[PDB]
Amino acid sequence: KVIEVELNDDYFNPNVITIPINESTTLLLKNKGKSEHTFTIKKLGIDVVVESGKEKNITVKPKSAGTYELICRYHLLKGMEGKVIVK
């Protein structure tokens, strides 16, 4: 059920993630890059810092359908962004 998301230098893989509304979804965030990265969905108030070579789970339960910007706060300007779709 878990959705794996690779964080690397400097991209998300996958960069478009779809998750169900009013339900709980677990994301496994794996930072395989040399740099620290974040998994940030500001409109959902989500922000997780994942250290280089490490991994973290987050469980999300969105209440509003929509498409929300995903960024890394550290390497945004290298084009490190994506989308999370709640439907």
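Note that residue numbering follows the sequence shown and begins at 1. Take the two forms, find the largest set of C-alpha atoms that superpose within 1.5 Å, and that set is the rigid core.
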{"item": "RMS Cα shift after core superposition in 4 other deposited structures of this protein, winner of 72-80 and 19-27", "value": "72-80"}
{"item": "Higher-scoring stretch by recorded Cα B factor average, 55-63 or 35-43", "value": "55-63"}
{"item": "Comparing 66-74 with 14-22, the one whose average Cα B-factor in the PDB entry is higher", "value": "14-22"}
{"item": "Chain-wide C-alpha B factor ranking for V5, given as lowest, middle or highest third", "value": "middle"}
